[PDB]
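Next comes my_file.cif, a file with mmCIF, C-alpha atoms and all ligand atoms.
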```
data_model
loop_
_atom_site.label_atom_id
_atom_site.label_comp_id
_atom_site.auth_asym_id
_atom_site.auth_seq_id
_atom_site.Cartn_x
_atom_site.Cartn_y
_atom_site.Cartn_z
CA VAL A 3 -14.81 9.33 -12.34
CA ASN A 4 -11.57 10.06 -10.46
CA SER A 5 -8.28 11.79 -11.24
CA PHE A 6 -6.06 8.70 -11.47
CA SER A 7 -4.39 8.76 -14.89
CA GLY A 8 -2.48 6.28 -17.01
CA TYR A 9 -3.48 3.09 -15.20
CA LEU A 10 -3.97 -0.29 -16.81
CA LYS A 11 -7.24 -1.95 -15.75
CA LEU A 12 -6.74 -5.48 -14.43
CA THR A 13 -10.28 -6.21 -13.17
CA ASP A 14 -13.53 -4.43 -12.40
CA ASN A 15 -11.87 -2.74 -9.40
CA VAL A 16 -8.05 -3.18 -9.61
CA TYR A 17 -5.79 -0.86 -11.63
CA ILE A 18 -1.99 -0.77 -11.95
CA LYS A 19 0.67 1.71 -13.07
CA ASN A 20 4.46 1.91 -13.14
CA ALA A 21 4.93 4.87 -10.80
CA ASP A 22 6.59 6.16 -7.65
CA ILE A 23 3.81 6.17 -5.04
CA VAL A 24 5.31 9.31 -3.50
CA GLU A 25 5.13 11.26 -6.75
CA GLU A 26 1.71 9.75 -7.53
CA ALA A 27 0.33 10.82 -4.14
CA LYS A 28 1.77 14.32 -4.53
CA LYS A 29 -0.03 14.66 -7.88
CA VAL A 30 -3.42 13.08 -7.15
CA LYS A 31 -3.78 13.90 -3.44
CA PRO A 32 -6.05 10.85 -3.00
CA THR A 33 -8.49 10.41 -0.15
CA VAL A 34 -6.35 7.45 0.99
CA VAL A 35 -2.74 6.45 0.40
CA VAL A 36 -1.70 3.06 1.78
CA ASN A 37 1.61 2.72 3.61
CA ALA A 38 3.50 -0.58 3.73
CA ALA A 39 3.81 -0.34 7.51
CA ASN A 40 5.31 -2.44 10.28
CA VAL A 41 3.65 -3.01 13.65
CA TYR A 42 5.77 -0.32 15.34
CA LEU A 43 5.09 2.24 12.58
CA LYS A 44 8.86 2.74 12.25
CA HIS A 45 9.05 4.11 8.71
CA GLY A 46 12.71 3.49 8.00
CA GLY A 47 12.88 2.13 4.46
CA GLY A 48 10.94 0.85 1.50
CA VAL A 49 7.62 2.51 0.74
CA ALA A 50 7.27 3.59 4.38
CA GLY A 51 10.64 5.32 4.50
CA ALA A 52 9.87 7.08 1.22
CA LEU A 53 6.40 8.28 2.24
CA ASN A 54 7.71 9.51 5.57
CA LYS A 55 10.62 11.42 3.99
CA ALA A 56 8.15 13.19 1.70
CA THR A 57 6.27 14.39 4.82
CA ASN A 58 9.48 15.84 6.31
CA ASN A 59 9.21 13.24 9.14
CA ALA A 60 5.74 14.44 10.22
CA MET A 61 4.38 10.94 9.52
CA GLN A 62 6.94 9.46 11.94
CA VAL A 63 6.17 12.04 14.65
CA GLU A 64 2.44 11.30 14.40
CA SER A 65 3.12 7.55 14.32
CA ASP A 66 5.28 7.63 17.45
CA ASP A 67 2.45 9.31 19.35
CA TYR A 68 0.02 6.69 18.01
CA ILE A 69 2.22 3.82 19.24
CA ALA A 70 2.86 5.46 22.61
CA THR A 71 -0.92 5.56 23.13
CA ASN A 72 -2.09 2.33 21.50
CA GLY A 73 0.85 -0.05 21.29
CA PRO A 74 1.88 -1.93 18.16
CA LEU A 75 -0.43 -2.96 15.37
CA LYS A 76 -1.13 -6.60 14.58
CA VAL A 77 0.42 -8.25 11.55
CA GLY A 78 -2.48 -8.12 9.09
CA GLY A 79 -3.88 -5.03 10.82
CA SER A 80 -4.04 -1.33 10.06
CA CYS A 81 -4.70 2.14 11.38
CA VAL A 82 -5.89 5.36 9.76
CA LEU A 83 -3.67 8.39 10.35
CA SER A 84 -3.15 11.70 8.58
CA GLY A 85 -2.03 11.76 4.96
CA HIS A 86 -0.06 14.97 5.67
CA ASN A 87 0.93 16.66 2.37
CA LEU A 88 0.37 13.45 0.36
CA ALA A 89 -3.30 12.52 0.83
CA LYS A 90 -6.21 13.16 3.14
CA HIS A 91 -5.60 9.94 5.09
CA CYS A 92 -2.82 7.38 5.26
CA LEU A 93 -3.97 3.80 5.85
CA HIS A 94 -0.97 2.10 7.49
CA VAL A 95 -1.32 -1.61 6.68
CA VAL A 96 0.98 -4.33 8.03
CA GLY A 97 1.53 -7.16 5.59
CA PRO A 98 3.61 -10.11 6.77
CA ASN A 99 7.37 -9.67 6.44
CA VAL A 100 8.79 -12.90 5.01
CA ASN A 101 12.28 -11.83 6.12
CA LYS A 102 10.95 -11.94 9.70
CA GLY A 103 9.40 -15.38 9.24
CA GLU A 104 5.82 -14.10 9.33
CA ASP A 105 2.97 -16.19 7.95
CA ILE A 106 2.21 -15.27 4.33
CA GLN A 107 -1.41 -16.33 4.89
CA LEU A 108 -1.87 -13.04 6.80
CA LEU A 109 -1.49 -11.15 3.51
CA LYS A 110 -5.18 -11.72 2.78
CA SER A 111 -6.08 -10.25 6.17
CA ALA A 112 -3.87 -7.24 5.40
CA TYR A 113 -5.64 -6.60 2.08
CA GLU A 114 -9.07 -6.89 3.76
CA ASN A 115 -8.34 -3.54 5.41
CA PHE A 116 -8.61 -1.92 1.97
CA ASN A 117 -12.33 -2.83 1.82
CA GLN A 118 -13.11 -0.18 4.45
CA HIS A 119 -12.25 2.56 1.89
CA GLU A 120 -14.02 3.19 -1.40
CA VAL A 121 -10.87 4.25 -3.32
CA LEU A 122 -7.17 3.84 -2.44
CA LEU A 123 -3.72 4.45 -3.89
CA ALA A 124 -1.56 1.57 -2.70
CA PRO A 125 1.62 -0.46 -3.13
CA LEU A 126 1.73 -4.25 -3.36
CA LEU A 127 1.59 -5.41 0.25
CA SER A 128 4.50 -7.54 1.50
CA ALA A 129 6.49 -6.86 -1.70
CA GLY A 130 9.78 -5.00 -1.76
CA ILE A 131 11.84 -5.34 1.40
CA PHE A 132 9.01 -7.35 3.00
CA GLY A 133 10.21 -10.33 0.97
CA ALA A 134 7.01 -11.84 -0.45
CA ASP A 135 6.49 -12.78 -4.09
CA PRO A 136 4.87 -9.73 -5.77
CA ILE A 137 3.02 -11.90 -8.31
CA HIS A 138 1.41 -13.64 -5.35
CA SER A 139 0.70 -10.32 -3.66
CA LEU A 140 -1.08 -9.05 -6.77
CA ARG A 141 -3.08 -12.29 -6.92
CA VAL A 142 -4.25 -11.94 -3.30
CA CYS A 143 -5.04 -8.26 -3.87
CA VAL A 144 -7.29 -9.03 -6.84
CA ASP A 145 -8.98 -11.90 -4.98
CA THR A 146 -9.51 -9.93 -1.73
CA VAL A 147 -10.02 -6.21 -2.40
CA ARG A 148 -13.48 -5.26 -3.65
CA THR A 149 -13.13 -1.47 -3.46
CA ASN A 150 -11.29 0.53 -6.11
CA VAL A 151 -7.53 0.15 -5.75
CA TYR A 152 -4.86 1.92 -7.81
CA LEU A 153 -1.57 0.04 -7.46
CA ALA A 154 1.70 1.94 -7.93
CA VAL A 155 4.64 -0.30 -8.84
CA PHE A 156 7.99 1.44 -8.52
CA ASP A 157 10.11 -0.99 -10.58
CA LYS A 158 9.44 -0.83 -14.32
CA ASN A 159 10.87 -4.31 -14.92
CA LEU A 160 8.58 -5.73 -12.23
CA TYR A 161 5.59 -3.77 -13.54
CA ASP A 162 6.04 -5.38 -16.96
CA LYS A 163 6.29 -8.84 -15.37
CA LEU A 164 3.11 -8.35 -13.31
CA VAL A 165 1.04 -7.38 -16.35
CA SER A 166 2.46 -10.00 -18.73
CA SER A 167 2.00 -12.77 -16.14
CA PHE A 168 -1.42 -11.69 -14.87
CA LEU A 169 -4.20 -14.24 -15.23
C1 LIG A 201 9.42 -0.36 -2.67
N1 LIG A 201 8.05 -0.24 -3.22
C2 LIG A 201 7.24 -1.46 -3.21
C3 LIG A 201 7.07 -2.22 -4.57
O1 LIG A 201 6.34 -1.44 -5.47
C4 LIG A 201 8.45 -2.50 -5.22
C5 LIG A 201 8.45 -3.63 -6.25
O2 LIG A 201 7.75 -4.77 -5.81
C6 LIG A 201 6.43 -4.56 -5.40
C7 LIG A 201 6.30 -3.52 -4.29
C8 LIG A 201 7.55 0.99 -3.71
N2 LIG A 201 6.39 0.94 -4.40
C9 LIG A 201 5.84 2.09 -4.89
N3 LIG A 201 6.33 3.30 -4.77
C10 LIG A 201 7.48 3.36 -4.06
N4 LIG A 201 8.15 4.51 -3.80
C11 LIG A 201 9.27 4.25 -3.05
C12 LIG A 201 9.32 2.89 -2.83
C13 LIG A 201 8.17 2.26 -3.48
CL CL A 202 8.51 -1.59 0.85
#
```
Step by step, read the file and then write its structure as structure tokens.
Amino acid sequence: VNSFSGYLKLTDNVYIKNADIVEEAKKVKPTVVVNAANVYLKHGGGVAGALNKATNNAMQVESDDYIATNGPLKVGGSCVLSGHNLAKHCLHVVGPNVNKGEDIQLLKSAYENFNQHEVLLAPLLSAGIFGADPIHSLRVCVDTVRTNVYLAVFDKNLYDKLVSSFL
């Protein structure tokens, strides 16, 4: 039993809710919140910009030190950093950005990072300003993640389309 509330159950391990991941994280304080990151951990917009703003830019400060030490992430890769005031840990995961011409096949690799954590609060990788089809992203999530994932979908219209079109 966990403290996630109001989710629809899609499969044995995947749950979904129309919610702002920032407000969700601030309520649940999960062990892991997933950020929709880029390789430079520059959290300017989308989910990343929102999560960082909620940390008063502490996420960006930590991230800049991480990059200065380690260099950029790989597309499809991840790193574990602090969750600041939102969660214990933030798993920064880089899904392919279609608007950069990146290979959508790497979305499966991105979701594989979730399997290293027993429970996660997460957005739909490569959706939003990353340009991928969210219905496809949800499909890959369900077919790749085996640990317990709670998906927060910001847009109510999109949330209704993902449920009603889910196979
Ligand atoms: C922008 N996205 C990503 C999508 O959910 C949007 C619709 O398409 C699927 C991915 C966010 N998701 C959850 N919480 C959020 N808080 C602020 C932004 C945000
Ligand atoms: Cl985003």
Note to self: Env of residue 19 of chain A: 7 Å cut, atoms = all atoms listed in the file, seq-sep filter 6 positions within chain, self excluded. Answer as a list in words.
What the structure shows: residues 8, 9, 10, 153, 154 and 155 of chain A
Pairwise distance, atom CA of residue 23 of chain A with atom CA of residue 71 of chain A, equals 28.6 Å
| query | Quick one: residues within 7 Å of ligand CL 202 (chain A), with all atoms listed in the file, as a VMD selection string? | reply | chain A and resid 38 47 to 50 129 to 132
(message) What residues of the protein or nucleic acid chains come within 12 Å of ligand LIG 201 (chain A) when you use only C-alpha atoms and all ligand atoms? Reply as an MDAnalysis selection string.
(response) chainID A and resid 18:28 35:39 45:56 97 123:140 152:164
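Distances from A:100, A:82, A:43, A:142 to residue 63 of chain A were compared using all atoms listed in the file, and the smallest one belongs to A:43.
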With only C-alpha atoms as the counted atoms, please give the residues lying no more than 10 Å from residue 107 of chain A, apart from itself and same-chain residues fewer than 3 positions off, as a compact mmCIF listing (two decimals) with C-alpha atoms, in the coordinates of the input.
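part36.txt was written with the following content:
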```
# COMPACT_ATOMS: atom_id res chain seq x y z
CA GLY A 78 -2.48 -8.12 9.09
CA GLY A 97 1.53 -7.16 5.59
CA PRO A 98 3.61 -10.11 6.77
CA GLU A 104 5.82 -14.10 9.33
CA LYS A 110 -5.18 -11.72 2.78
CA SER A 111 -6.08 -10.25 6.17
CA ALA A 112 -3.87 -7.24 5.40
CA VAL A 142 -4.25 -11.94 -3.30
```
What lies within 9 Å of residue 151 of chain A using all atoms listed in the file, ignoring chain neighbours under 4 positions off, as a tab-separated table (two decimals) with C-alpha atoms, keeping the file's coordinate frame?
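selection.tsv was written with the following content:
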```tsv
chain	number	residue	atom	x	y	z
A	15	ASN	CA	-11.87	-2.74	-9.40
A	16	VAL	CA	-8.05	-3.18	-9.61
A	17	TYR	CA	-5.79	-0.86	-11.63
A	18	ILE	CA	-1.99	-0.77	-11.95
A	116	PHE	CA	-8.61	-1.92	1.97
A	120	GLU	CA	-14.02	3.19	-1.40
A	121	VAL	CA	-10.87	4.25	-3.32
A	122	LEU	CA	-7.17	3.84	-2.44
A	123	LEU	CA	-3.72	4.45	-3.89
A	124	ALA	CA	-1.56	1.57	-2.70
A	143	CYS	CA	-5.04	-8.26	-3.87
A	147	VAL	CA	-10.02	-6.21	-2.40
```
Pairwise distance for atom CA of residue 29 of chain A and atom CA of residue 84 of chain A, rounded to one decimal in Å: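 These atoms are spaced 17.0 Å apart.
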Quiz item: Which value, in Å to one decimal, gives the distance between atom CA of residue 99 of chain A and atom CA of residue 74 of chain A?
Solution: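 Here the two named atoms are 15.1 Å from each other.
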- For each of A:33, A:57, A:40, A:72, take the minimum atom-to-atom distance to residue 94 of chain A, counting all atoms listed in the file, then give the residue where this is smallest.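 Result for the nearest residue to residue 94 of chain A: A:40.
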Neighbours of residue 42 of chain A within 10 Å (all atoms listed in the file; same-chain residues fewer than 2 positions away dropped), as an MDAnalysis selection string? chainID A and resid 39:40 44:45 65:66 68:70 73:76 96
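Taking only C-alpha atoms into account, residue 95 of chain A lies nearest to A:41 out of the set A:144, A:41, A:118, A:13.
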Distance query residue 85 of chain A at most 8 Å, all atoms listed in the file, self and fewer than 3 positions along chain excluded, as an MDAnalysis selection string:
chainID A and resid 34:35 61 88:92
With distances taken over all atoms listed in the file, the candidate from A:60, A:93, A:77, A:165 nearest residue 32 of chain A is A:93
Start from the incomplete input, build N, CA, C and O atoms for segment 41-59 of chain A, and deliver everything as an mmCIF file, keeping the file's coordinate frame.
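Saved the output as part.cif:
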```
data_model
loop_
_atom_site.group_PDB
_atom_site.id
_atom_site.type_symbol
_atom_site.label_atom_id
_atom_site.label_comp_id
_atom_site.auth_asym_id
_atom_site.auth_seq_id
_atom_site.Cartn_x
_atom_site.Cartn_y
_atom_site.Cartn_z
ATOM 1 N N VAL A 41 4.528 -3.108 12.482
ATOM 2 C CA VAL A 41 3.650 -3.010 13.650
ATOM 3 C C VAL A 41 4.030 -1.833 14.539
ATOM 4 O O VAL A 41 3.178 -1.301 15.263
ATOM 5 N N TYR A 42 5.296 -1.421 14.518
ATOM 6 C CA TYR A 42 5.770 -0.320 15.340
ATOM 7 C C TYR A 42 5.639 1.024 14.634
ATOM 8 O O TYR A 42 5.977 2.060 15.223
ATOM 9 N N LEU A 43 5.163 1.024 13.392
ATOM 10 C CA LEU A 43 5.090 2.240 12.580
ATOM 11 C C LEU A 43 6.432 2.964 12.538
ATOM 12 O O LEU A 43 6.498 4.193 12.605
ATOM 13 N N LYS A 44 7.515 2.189 12.421
ATOM 14 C CA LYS A 44 8.860 2.740 12.250
ATOM 15 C C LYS A 44 9.155 2.766 10.754
ATOM 16 O O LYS A 44 9.409 1.730 10.133
ATOM 17 N N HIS A 45 9.087 3.956 10.167
ATOM 18 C CA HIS A 45 9.050 4.110 8.710
ATOM 19 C C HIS A 45 10.455 4.362 8.166
ATOM 20 O O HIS A 45 10.782 5.443 7.675
ATOM 21 N N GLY A 46 11.288 3.326 8.240
ATOM 22 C CA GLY A 46 12.710 3.490 8.000
ATOM 23 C C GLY A 46 13.164 3.311 6.562
ATOM 24 O O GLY A 46 14.173 3.895 6.149
ATOM 25 N N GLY A 47 12.453 2.485 5.800
ATOM 26 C CA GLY A 47 12.880 2.130 4.460
ATOM 27 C C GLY A 47 11.705 1.679 3.628
ATOM 28 O O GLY A 47 10.559 1.666 4.086
ATOM 29 N N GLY A 48 11.996 1.291 2.390
ATOM 30 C CA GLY A 48 10.940 0.850 1.500
ATOM 31 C C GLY A 48 9.932 1.957 1.239
ATOM 32 O O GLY A 48 10.249 3.153 1.300
ATOM 33 N N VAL A 49 8.695 1.549 0.940
ATOM 34 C CA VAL A 49 7.620 2.510 0.740
ATOM 35 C C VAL A 49 7.459 3.405 1.972
ATOM 36 O O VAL A 49 7.255 4.617 1.852
ATOM 37 N N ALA A 50 7.506 2.816 3.167
ATOM 38 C CA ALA A 50 7.270 3.590 4.380
ATOM 39 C C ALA A 50 8.328 4.668 4.565
ATOM 40 O O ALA A 50 8.008 5.814 4.897
ATOM 41 N N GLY A 51 9.599 4.318 4.376
ATOM 42 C CA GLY A 51 10.640 5.320 4.500
ATOM 43 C C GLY A 51 10.490 6.433 3.485
ATOM 44 O O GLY A 51 10.775 7.597 3.777
ATOM 45 N N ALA A 52 10.052 6.087 2.269
ATOM 46 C CA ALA A 52 9.870 7.080 1.220
ATOM 47 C C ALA A 52 8.698 8.007 1.524
ATOM 48 O O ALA A 52 8.815 9.232 1.411
ATOM 49 N N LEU A 53 7.552 7.441 1.911
ATOM 50 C CA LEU A 53 6.400 8.280 2.240
ATOM 51 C C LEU A 53 6.722 9.200 3.402
ATOM 52 O O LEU A 53 6.361 10.380 3.389
ATOM 53 N N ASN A 54 7.415 8.683 4.411
ATOM 54 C CA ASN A 54 7.710 9.510 5.570
ATOM 55 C C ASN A 54 8.648 10.662 5.210
ATOM 56 O O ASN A 54 8.435 11.805 5.633
ATOM 57 N N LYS A 55 9.693 10.377 4.425
ATOM 58 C CA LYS A 55 10.620 11.420 3.990
ATOM 59 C C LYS A 55 9.880 12.540 3.283
ATOM 60 O O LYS A 55 10.172 13.724 3.492
ATOM 61 N N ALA A 56 8.912 12.187 2.436
ATOM 62 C CA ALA A 56 8.150 13.190 1.700
ATOM 63 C C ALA A 56 7.309 14.067 2.624
ATOM 64 O O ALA A 56 6.971 15.189 2.238
ATOM 65 N N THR A 57 6.964 13.586 3.824
ATOM 66 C CA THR A 57 6.270 14.390 4.820
ATOM 67 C C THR A 57 7.212 15.154 5.749
ATOM 68 O O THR A 57 6.757 15.733 6.746
ATOM 69 N N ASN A 58 8.511 15.144 5.465
ATOM 70 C CA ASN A 58 9.480 15.840 6.310
ATOM 71 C C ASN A 58 9.485 15.280 7.730
ATOM 72 O O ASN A 58 9.720 16.007 8.700
ATOM 73 N N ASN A 59 9.229 13.977 7.871
ATOM 74 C CA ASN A 59 9.210 13.240 9.140
ATOM 75 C C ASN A 59 7.936 13.478 9.957
ATOM 76 O O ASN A 59 7.826 12.938 11.066
#
```
